[PDB]
Amino acid sequence: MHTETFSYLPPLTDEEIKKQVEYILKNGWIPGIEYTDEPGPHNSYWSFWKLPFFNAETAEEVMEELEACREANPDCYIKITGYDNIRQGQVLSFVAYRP
Amino acid sequence: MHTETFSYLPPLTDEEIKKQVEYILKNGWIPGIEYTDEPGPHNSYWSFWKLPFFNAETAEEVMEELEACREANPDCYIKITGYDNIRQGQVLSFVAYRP
Amino acid sequence: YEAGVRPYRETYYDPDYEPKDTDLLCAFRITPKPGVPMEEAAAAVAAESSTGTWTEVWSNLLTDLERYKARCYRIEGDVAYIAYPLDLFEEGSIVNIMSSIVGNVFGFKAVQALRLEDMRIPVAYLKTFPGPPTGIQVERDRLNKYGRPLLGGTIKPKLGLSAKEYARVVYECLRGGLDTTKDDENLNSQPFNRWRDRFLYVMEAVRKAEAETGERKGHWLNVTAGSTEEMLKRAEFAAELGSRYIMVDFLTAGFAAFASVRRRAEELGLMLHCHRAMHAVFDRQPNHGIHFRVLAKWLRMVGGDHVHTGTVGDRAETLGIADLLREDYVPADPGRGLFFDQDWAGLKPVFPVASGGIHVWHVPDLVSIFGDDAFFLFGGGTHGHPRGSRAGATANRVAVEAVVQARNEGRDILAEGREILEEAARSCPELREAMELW
Amino acid sequence: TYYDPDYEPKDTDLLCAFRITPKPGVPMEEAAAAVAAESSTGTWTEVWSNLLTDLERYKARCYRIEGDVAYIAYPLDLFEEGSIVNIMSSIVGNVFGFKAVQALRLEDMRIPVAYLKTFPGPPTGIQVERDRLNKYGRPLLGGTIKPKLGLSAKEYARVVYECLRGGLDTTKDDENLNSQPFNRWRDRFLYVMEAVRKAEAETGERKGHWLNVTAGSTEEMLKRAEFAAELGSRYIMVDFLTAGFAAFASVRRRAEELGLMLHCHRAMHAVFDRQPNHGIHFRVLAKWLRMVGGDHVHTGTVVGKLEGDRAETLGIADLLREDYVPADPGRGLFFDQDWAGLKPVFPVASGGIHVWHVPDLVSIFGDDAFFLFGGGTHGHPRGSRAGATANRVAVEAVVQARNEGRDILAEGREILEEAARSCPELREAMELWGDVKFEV
Amino acid sequence: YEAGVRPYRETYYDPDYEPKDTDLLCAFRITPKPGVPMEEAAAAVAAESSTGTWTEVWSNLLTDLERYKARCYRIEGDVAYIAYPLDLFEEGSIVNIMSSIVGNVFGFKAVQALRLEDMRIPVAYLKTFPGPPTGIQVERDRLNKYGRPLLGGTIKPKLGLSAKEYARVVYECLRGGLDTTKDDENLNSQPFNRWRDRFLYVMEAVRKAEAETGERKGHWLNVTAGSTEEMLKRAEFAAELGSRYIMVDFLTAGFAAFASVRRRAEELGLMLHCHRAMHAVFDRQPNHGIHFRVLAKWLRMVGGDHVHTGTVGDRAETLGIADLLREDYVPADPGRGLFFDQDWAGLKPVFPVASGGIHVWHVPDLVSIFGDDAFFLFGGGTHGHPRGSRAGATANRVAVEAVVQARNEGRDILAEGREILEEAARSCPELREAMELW
Amino acid sequence: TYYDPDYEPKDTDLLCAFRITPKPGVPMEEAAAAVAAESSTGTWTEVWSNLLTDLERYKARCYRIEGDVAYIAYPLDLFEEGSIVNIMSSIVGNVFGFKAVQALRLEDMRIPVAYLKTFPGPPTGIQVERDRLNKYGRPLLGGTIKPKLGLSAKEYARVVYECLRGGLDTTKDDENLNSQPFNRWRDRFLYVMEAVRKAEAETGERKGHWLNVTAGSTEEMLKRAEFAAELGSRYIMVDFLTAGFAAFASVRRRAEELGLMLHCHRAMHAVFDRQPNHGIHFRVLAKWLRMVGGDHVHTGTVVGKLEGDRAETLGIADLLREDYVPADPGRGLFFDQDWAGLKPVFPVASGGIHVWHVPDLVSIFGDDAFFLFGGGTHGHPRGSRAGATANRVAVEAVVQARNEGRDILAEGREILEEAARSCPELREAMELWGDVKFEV
Ligand SMILES: O=C(O)[C@@](O)(COP(=O)(O)O)[C@H](O)[C@H](O)COP(=O)(O)O
Ligand SMILES: O=C(O)[C@@](O)(COP(=O)(O)O)[C@H](O)[C@H](O)COP(=O)(O)O
Ligand SMILES: O=C(O)[C@@](O)(COP(=O)(O)O)[C@H](O)[C@H](O)COP(=O)(O)O
Ligand SMILES: O=C(O)[C@@](O)(COP(=O)(O)O)[C@H](O)[C@H](O)COP(=O)(O)O
Ligand SMILES: [Mg+2]
Ligand SMILES: [Mg+2]
Ligand SMILES: [Mg+2]
Ligand SMILES: [Mg+2]
C-alpha cells in the first residue's frame, strides 16, 4: 500500500521530514499532524493530533509533536500536512511514520 | 371602436394634431404616420406611410405628409406615432383621422 | 490562535477599507444598546451577517477572512456603511442576500433597533439576475398602448362576491375604458370564490370587452396559493385561457416561490403583476425594519413587471422608488433615502403602480409625478361611480387622456389641473358626474 | 358595523389579538373596526356590486377591546384551506400600512381546529424523530459550523466530523450558507455525509447534519433536497421565512415523500417580530410553522446573544410541543390553542450559549429541545471535538441531576463542577467562558 | 437619414472612446488589403462584429447605435483594440461571443488576414458563467492528492487495441503509480473498440489498481460522440460505473455540446478532462486565426477541469496560459501575448496538462515551469519502458516525487536536475532503466 | 510504413487531400507519412501492447504525392458511424499542431458511400422544401435584418413585415442575434411570426423567417426550436460551427421531428478556411454540413463583400446539390464524390450584394439557391419594402431573360434597365449602388 506524496521514495528520515516542515513554514502555511490505523482510498479524514499548529514558529516545535504522536500511536500511520488558508486547501501531505 | 390614446377625447383638429407633433419633435423623438382600414386588437402593424420622418425639422412638414396620406387613403384610419430610439419604443401613438 | 471572546470591532470595523465596485454595500441605521459603542454595534452587524460569531474559533484560520469578511468601513451619524465581498453571495438568489443581510442581525441584544435603509447591488452580481420577464417597453408593445399612463382597478367587494357576477364587474370596467382590472391580494381560492371559476368567467369578460372596445385588455388574475406547485398550476390555466397577465403576492408567497413564478411567466408569455401585501410589516417604522426601496430593488432583480408604490408615502421617497424601478442608473440622494448610486446593468424596467383611494381629482398630480410610465388604479373609484363601473371607467380614462393632451400641448397641468378637468368634463358627462361625487 | 362587543366568537372563527397604535385623533374603537374591515371585506366607498352579495357572512368583527389590544374574529370561509400564504395576505396584507394606524403588532392568533385540519403539520414530529434517532431522555445536541462562510467543502466536513464524533448529535449549515464560489452545495453535501457516516460508525450513535437546501427558487431547493436524500441524509434545512411560505410548503411536502426530517431556520424573523409596537410576534410565526410542517424551529435562548423573553419563550415551547395550550397572560398567550392532533415541533435554542448556560437551558426547555453550540463548540481551547464532548457532558450531567431531584438552578454551578472533575474538556470550557454573560 | 455606402471608419473608429469596465475588449492583429487604410479595416471588423453592415439602413435610426456599437478605440502597430458593450452579449453563452467576435469578420475582402490575440472578458459578464465543475482545489480533495504534480498517460496504440486488453494496459499503468490514464481523443466508439465495452473493462482495472495500491485512481473516459444526447448517455454510464472522470474533445464536439456535458458532469459528480483536439486548425499561424489563450479563456468560462497546454509552444506563451487557467487575476504582458489584464471574478481554476512525447528527463524542467498544480502525461513514456507499462509508471512517479522533494529542501532543481534524478535512480531500478532507454 | 505509392484505395476508404508545408528539413514524403500515422494509429515510441493487435488493419496510408499535396487513405473501420465529431477528432485532431509540419490545409475529402449511409442528411432537402414553399423556377429571395443588433423585438418584426410583404420569400436573424437584453428570443419569436403570417396573407405567397435558435447549450437551443414549432414557423436557424457539430446534430434531429426546416449559418468558418496554406477548405465543411443535415448553408457570393473564388464556389454548389460530382482540378475538386442518395442542400449567397449583382448571381448559381439582400434591401432609399420589391423583380427579370435564351452576363445591365422601366423601386436601387463594386 502506498500513501501518496513521497510514498514512492525511501522512508523519510527525521531530518528530511524537518526540511519538509521548514518548507511549509517558510511559505507561510500551517503544518499539521494526523494519524490513522486504516489508511486507504476510503479514508479521507485521518485523526487529528491536536489542532493544526497555527502558532508554531519553528520546525522543531512540529517535530516534537511528531515524536509525541509517534510515541503515543506506534501502530498508526502518521502524516504531516501543510494547509494554505488563502487557497483553502492542503498544499502538501506525506506520511512521516509507518507502523 | 376605440383606438387607444386620445380616442376618448373629441376628434383632434389639425392644430391639436400639430401640437402633438411639436411635442414629439421638441423632445427629440421621430414622428411617423401609419394607416389601416382594419384597426383592432389583432392588428399591431399598420401600413407605413413612407418611412418615419427622421429628417423632419418642423411640425408642418409632418402635417403636409398627414394631409397627403389622408387624401390618398380617405377610407382608412390614420395615426401619428412618436418613436424614441434611446428607449427603443414608441412613446406616443394616436389616431389623427378616421374614415 | 487564541481562544476566547474578542470585540467584534477588532475584526469587522475597518474605516480604512475602500469598497470595491464588486462589493455589495448596505446602509444600516443602528440604535445600539445603551452602553454599547456604535463601532461595536456596527461591527457586530457586519460580523454576524458574513463570517463571524461570538467567540474566536480555530477554524477561522482555515480560510481567508481578510477576503471574505464583511467590513463596516464608515459610520456617519447613526448610519453604518458595510461592504460585503461578492464571493459571499449565491448567484441569482435574492433568498441568499436576505439570509445574510437580514438573517439574524436584527435580533441581537447589543443592537436595540436596526433598519436597513439602502443597498448597493454591484453590476457584476446584478447580471446573474434575469430581471422583469416583460418590462415596460415590451409590455407596451404587447398592449399596443403608447403615450399615456395605463389604468386599472380592483374588482370589489374585496372578498364576498361570486364568479359570473365578479366577471360582470370586470366587463363593465374594461368596456368603459380601463385597460386592466385585478383580483384583490387576498382573493386566491376560497369557498365563496374558487379560482378556476373566477379565471374562466373573468376571461370571458376580458375577451368580450376587448372585442367591443377594440382595445387590448387584461385582468391581473391572482395565482397566489399555499405552495409553489399550486401557483404554477393556476398560472398555466391563466395562460391556457389566453390571459395576458397573472398576479402574485410576492412577499406573502415568498421570494423563492416568486422566482419560480417569474420563470414560468416568461416561459408562458404571461406578464407578472406583483402585489406588495405584507410590505408594511417590514418597512413601516423608521427605527427598525427594511425600507421598501430595498424590497423594490429585490423585486426588480427577481423580475416583476409592476409593483405598487403607494399614493401621493413621501413624495421625495416615491420619486426615488420610481427611479429605482424605471431608470438604468440612479444617482444617490439621501434626501430620498438613496444612500448609494445604483447601476441597473441593463435590467428591464418595472412599471410603478399608484393605488389606494384615488379618483379623478388626483389625475393631474399623478401625471405630473409619474409621467406616462405608470399604472393608475381606481378600485372603488370605478365601481363607486353614480352610474356604476362602466361610467366610472370612462370618467377616469377621459381624465388621464385630457391631462396628457394638455401636458403635451405645453400647459402647466399642476396650476391648470382644475381647469383642464373642467374643460374635458364639458364633453364627457361621466367625468362631470364623477367630479361632483368625490 | 365592524365593532361588535356583543358578538360571541365561534369555535370555527379565526381570532387575532392586535396591539394598535392609532393615528392621532383616531380612537381605538374606530381603528380596530378599520383593521377588521380592511382585513376582510370593507372598501373606501359604496359600490353597486356590494348589493349582489351578503357581506355579513364574510365581515370580520372586533368583539373586544382592552387598552390598546383589539380582539378580532374572522369567519372560517374567508380563508383558503391549507394556505398560510392566504392567512398572511388577509391578516397582515394591508392593515399594517393603513393610514389610520401608526403602528400595529399581531400578538397572537387562535387557529380554529376546523382550519388546522386542512394542514398536514410536521412531516416527522418529535416522537417519530426520536424514534428515527433512537435518542430518549435528554435534550439533543447540535451546533452551527463556523466560520459562517469561507470554508471549503472538505475542510467544512472536517469540522463536522470533529463535532459529531465528540458527542454532538447533529451539526448544521449556517442560514446564509447555500451554494457559493468558496463552497458549492454538491461538494459540501457529499463531504459532509462522508463525515456523518464516519462519526456514526465510530461512536455507535446515530448522527445527522442539517444540510441547507435554501436557494433562489423552489425548483433548486427541491433539487438539493433530492440529492441529500440520495446520499442517505436524515436531515435537510430550510430558511422558511427568507425562502418564503409557498416554497417552504413545497419543500416540506417533498421532505416527507423522501423521508427527510426538516430543520427550519427563522432567518429574518427579527426584522418584524422584535419591536413591541409593530410587526408579528414570533409565537404567531411558530403556529404557522407548526401548521405547514417543520420538525424543528429556533425559539431563542433567553440567555444567549439574541433577544428573547423567558416567559414568552415558555409559552412558545408549549405552543410547539403540546396538543392543547390554555391562555396565559403571564406568557402572552391571548387564546386557548387546540392543535387538532398535529405533530409537535422541536424547539431549538441557539446563539451565543456555552456550558454555563446548560442549567438554565434545561430548566427552561426540558428534554424535548435541541441545544446548539456553534462558537461554544469550535471555540473550545482544544477545538471542536473537545468542545462537543464538554457540551454533551454538561447536558447529561444536568439532566441526571434534575432527574435525581436536585434544583439545577440553585445547584447549577455545583453540578457542572462535579461533572468537570471527570471531564477535563468541560473544565477547560468552564474556565474560558466563565466571565461571558449576556443581559436577560 | 441618407441612403448609400459610407466608410466603416466614420461610425466605428473612435480613438476618443474610453473603455468601460463592463466592456468586452478584443486585440486583433490586422493585415489590411493593400490600399485599405488600417483605420478602415479596423472599423470594418468592429462594425461587422456588432451592429453595422455595408450600406446605411433606415432601421439604424430605430435603435441607439452610440450605446450598442462596437468601437475600435486604439490602433497600435498592426493591433486594433475594439470595445464591445456588455449589452451585446447573451449571458453565459460562449457560443454568442464567438458568433459576434469571430463570426464573419475573418472573411472580408478588405481584411487580408486577421488574428484574434486576446480578449478582456469583463467581470460582470464572467459572473454569468459557471466555470469548472470541480476546480483544482476540489479535485485534489476528491483525489486526496496534495503536494506534487499529478501523473497521467494515454493507453496506446491510439486506435487498434481491443477492450479487456486495453484495460490491462490501464491496470499496469495505474498499479505502477500513475494517478490517471486516458482514452485517445479520437477513441470514441468504433468497430474495433466500442465504448460500452471499453468503459466496463477500464473501470474494473481502475477499481483493482486502486484497491492494490491504496491510492485513488481514474481513467479519462472519452464520451465524445456525434450528438449531445449520445455524449450525455456515455457520461451517465461512466458515472454509474463509479468513474471519477470523463473526457470530452471540447472543440470537435463544440461549445454548445461542451456546455451540456459540463452541466451533466457537475450534476453527476464527474470531473471533466478537456482535450483540445482541433485547436491547431484555429491557432497555429501568427497572421490569421485565434490564439489558443483565447480558447483557454472560453474553456475556463464554460468549465473544464483540465486542458492540455503543450510541451516546453513558447515558454513565455505557456506561462501566460498557465496563469490564465489557474490564477484569480492575471496582469497584462504582451511579451506573453497577454494584451489585457484578466480578472477571473472568483471562477475556479483549471489544471494545465503537459503532454506530448515527454519522459523522465523532462521532469525537472516541468516541475520548475508548472509547480505542483499540473498534470504530466506520459503516454508512450509509460508503455515504452523496457519492462512495460508498470515499470514505466513507477519510474515517472519516482522522478516527480524525487524532484519535488529536492525543491522543497531548497535545492535548485534546474541546475541539479540531472544529479537529483541520478540520486533517486540509485534506489529505484525502474528509474535507472528508463533514463538509459531515453 | 505509412507511405505506400503502390496502395490502391478501396471504395470503402475515406480519402484526404492535404496541402503540407513541412518543417524545414522534413521532406514531403516523410511529412505525409507522419500525418497519416498521427491521424490513425502511430505513436512516438515502441509499445508492448502493439504486439497484441494487427495495426495494419487500421493504419492510414499516403498513397500519392504531387508537389505539396498528399493523398491519404483511411480504412472505414477507423471511424465512428454517423459522427462528424469523430472524423474531425481523427483527421484534423492533432496533425495540424504536429512539430514536423509548419502549416497544413485539408483541401478535400472523399467520403465513401458506406460511411455516408450512416448519416441522415438534410431533414428537408431542396425538393421537399420547394414543395413546402410551393416555389419553383427561380432563386429564392431572403435577407438579414439590420442593424445586426439593437432593435427591439417589435421593431425588429416591423422590418421583417416590410421585407416579406415587398416580395422577399424569407428574412433571417443575424448570426450573432440570439437572446440579449435589448431583444430576448421569446419576444422576437412571437412578434416575428405575427409579421410572417401577416405578410403571407397579404401577398398570397408562403413566407418564412429563419429564427436563430443558436444558444449557449444544446438544451437551450432545443427549447428555442420547440417554441418556433409551437408558433408554426417553417424555419429555424443555427450557427453550426460556433454551436458545434455535436449540438448541431441534436438540433437537426429535433428539427425533423418537429417538421422544421433548418437554415445553417457558417459563422467562424473564415477563421480556418480562408488562408491557402493552413486550415480546412470550406468544400470539406460543406460535405460535413450535408452529411449531418442542413437544409441551406451559406456558400459565399464571389462578387460581394466577403472573399470567395468563382471556380471553387461552382464546385461547392455541385457538392451540395448533386448526387454525383466528378473530380475537377479547375474547381479544386480532388475526388469524385457520390452522395449515396442523401438529399441536396440549398446554397445561400449573402454579403454585400445588391441589384447589379443579380445577373452574376443567377449565372453562378442557377435557380436552386437563396440570394440574401440585407443592406441591399433595408438600404433602399425608400426602405425595406421597396428594396425587397427591387430585388425580387431583378431576380425574376434575369431568370426570364435566361430562360428566353439571352446571355444574362453580356446583357445583364440591359436586362435590369428593361425591368426598371416597369419598376421604379429597381430604378432607385440601381441608381444608389451603381458605383459600389468589390474585387473579384
Ligand atoms: O385592497 C386595496 O386597497 C387595493 O385594491 C386598492 O383598493 P381601491 O383602489 O378601491 O382603494 C390595493 O390592493 C391597495 O391600494 C394596495 O395597497 P399598497 O399600495 O399599500 O400595496
Ligand atoms: O448564525 C448564528 O448566529 C447561529 O449559527 C448561532 O451561531 P453560534 O452558535 O456560534 O452563536 C444561529 O443561526 C443563531 O443562533 C440563530 O439565531 P435564532 O436561533 O435566535 O434564530
Ligand atoms: O495523442 C497524443 O499524442 C497524446 O495522447 C500524447 O501521446 P504521448 O503521451 O504518447 O505522446 C495527446 O493527445 C497529445 O499530447 C495532445 O496533443 P496537444 O497537447 O497538442 O493537445
Ligand atoms: O452578417 C452579415 O454580414 C450578413 O447578415 C450579411 O448581411 P448584408 O446582407 O447586409 O451584407 C450575413 O451573415 C453574411 O453574408 C454571412 O457571410 P457568408 O454568407 O459568407 O457566411
Ligand atoms: Mg387589494
Ligand atoms: Mg446561523
Ligand atoms: Mg491523444
Ligand atoms: Mg449575418
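Provided above is the structure to which this section pertains.
Residues numbered from 1 in each chain as written, not as in the entry; some residues may be left out. Chains lettered and ligands numbered in written order. Part of a larger assembly, values for the part shown. Heavy atoms only, no water.

The next subject is the packing of aromatic side chains. Scanning all chains against the criterion turns up 94 aromatic pairs over all chains. With centroids separated by 6.2 Å and ring planes inclined at 55°, the aromatic side chains of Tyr84 of chain E and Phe89 of chain E adopt a geometry described as tilted. Like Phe89 of chain E, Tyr84 of chain E is buried. Ring geometry for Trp210 of chain F against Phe370 of chain F: centres 5.1 Å apart, planes inclined by 70°, an arrangement best described as edge-to-face. Of the two residues, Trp210 of chain F is situated in strand β7 (residues 208-210) and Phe370 of chain F in strand β15 (residues 370-372); the sequence distance between them amounts to 160 residues. Each residue in the set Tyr73, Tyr81, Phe339 and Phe340 of chain C is aromatic and connected to the rest through ring pairs, giving one cluster. In this structure, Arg290 of chain D packs its charged tip against the face of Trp339 of chain D, placed 4.4 Å from the ring centre. Sitting over the ring of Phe292 of chain E, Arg276 of chain E keeps its end group 4.6 Å from the ring centre. (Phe/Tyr/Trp six-rings, centres within 6.5 Å; stacked < 30°, edge-to-face > 60°. Buried < 20%, exposed > 50% of the residue type's maximum accessible area, 1.4 Å probe, protein only. Helix = DSSP H or I, 4+ residues; strand = E, 2+ residues; numbered from the N terminus. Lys NZ or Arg CZ within 6 Å of the ring centre and 35° of its normal.)

As a further point, take the interface of chain A and chain C. In this assembly, ten residues from chain A lie in contact with seven residues from chain C. Surface buried jointly by chain A and chain C totals about 820 Å² across both partners, of which 59% is contributed by carbon and sulfur atoms. At the boundary of chain A and chain C, one finds zero salt bridges. A breakdown of the residues in the side of chain A that touches chain C according to their chemical character gives seven nonpolar, three polar and no charged. (Contact = heavy atoms within 4.5 Å. Buried area = accessible area lost by both parts, 1.4 Å probe. Salt bridge = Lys/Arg side-chain N within 4 Å of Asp/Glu carboxyl O. Nonpolar A, V, L, I, M, F, W, Y, C, P; charged D, E, K, R; others polar.)

Around ligand 3 sit 16 residues in total, of which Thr154, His275, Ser355, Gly357 and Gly380 of chain E are the nearest. Taken together, the residues near ligand 3 originate from chains E and F. Contacts to ligand 3 include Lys156 of chain E, whose side-chain N or O atom sits 3.1 Å from an oxygen atom. Here an oxygen atom of ligand 3 and a side-chain polar atom of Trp44 of chain F are 3.3 Å apart. (Near = heavy atom within 4 Å. Polar contact = N/O pair within 3.5 Å; in protein donor to acceptor, adjacent residues only side chain to side chain.)

On to the site of ligand 4, then. What surrounds ligand 4 is a group of 19 residues, the closest being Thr53 of chain E together with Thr144, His298, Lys305 and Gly375 of chain F. Proximal residues around ligand 4 fall on chains E and F, making this an inter-chain site. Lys146 of chain F places a polar side-chain atom, nitrogen or oxygen, 2.9 Å from an oxygen atom of ligand 4. Between an oxygen atom of ligand 4 and a side-chain N or O atom of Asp174 of chain F, the distance comes to 2.9 Å. Alone, ligand 4 offers 490 Å² of accessible surface; in the complex the protein occludes 99% of this. Looking at the shell around ligand 4 residue by residue, the class counts come to two nonpolar, ten polar and seven charged. (Areas by Shrake-Rupley, 256 points an atom, 1.4 Å probe, with all protein chains shown as cover.)

Right, let's talk about the nonpolar core for a bit. As a rule of thumb, nonpolar side chains are buried together in soluble globular proteins. In terms of nonpolar packing, the biggest core is built from 636 residues, with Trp288 of chain D together with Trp288 of chain F touching the most fellow members. Residues in contact with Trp288 of chain D, not counting those within four places in the same chain, are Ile84, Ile87, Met88, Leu106, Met109, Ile111, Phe245 and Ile280 of chain D. (Core = buried A, V, L, I, M, F, W, Y, C linked by side-chain atoms within 4.5 Å.)

Moving on: the sheet that holds strand β6 (residues 180-182) of chain E. Residue and element names in this part refer to chain E. The strand order β5-β15-β14-β11-β9-β8-β7-β6 describes an open sheet built from eight strands, whose pairing is parallel. Of all strands in the sheet, those bounded by a partner on one side alone are β5 (150-152) and β6. For this sheet the average axis-to-axis angle between neighbouring strands, irrespective of direction, equals 30°. Here five bridges tie strand β8 (residues 245-249) to strand β9 (residues 271-275), and the two strands are oriented parallel to one another. (Pairing = 2+ DSSP bridges. Axes fitted to C-alpha atoms, helices over the stretch in contact; angles between N-to-C directions.)

Ligation of the magnesium ion (ligand 8) by protein atoms is provided by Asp174 of chain F (OD) and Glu175 of chain F (OE), these donors lying 2.0 Å from the ion. Take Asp174 of chain F and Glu175 of chain F: they sit in the same class, and that class is buried. (Donors = N, O, S within 2.8 Å, 3.2 Å for Na, K, Ca; no water.)

Here the focus is the coordination of the magnesium ion (ligand 5). Donor atoms from the polypeptide that coordinate the magnesium ion (ligand 5) comprise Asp184 of chain C (OD) and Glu185 of chain C (OE), at 2.3 to 2.6 Å from the metal. A single burial state applies to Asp184 of chain C and to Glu185 of chain C, both of which are buried.

Right, let's get into the interface of chain D and chain C. Accessible area lost on assembly of the parts is the figure often given for the size of an interface. Counting residues at the interface gives 106 residues for chain D and 100 residues for chain C. Per-residue buried area on chain D facing chain C is highest for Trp44, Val271 and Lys305 of chain D; these three make up 9% of the total on that side. Linking chain D with chain C are six salt bridges. Two residues, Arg194 of chain C and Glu81 of chain D, come together in a salt bridge whose shortest N-O distance is 2.8 Å. The interface formed by chain D and chain C includes 58 residue pairs in polar contact.

Keep in mind these numbers describe shape, not what the thing actually does.
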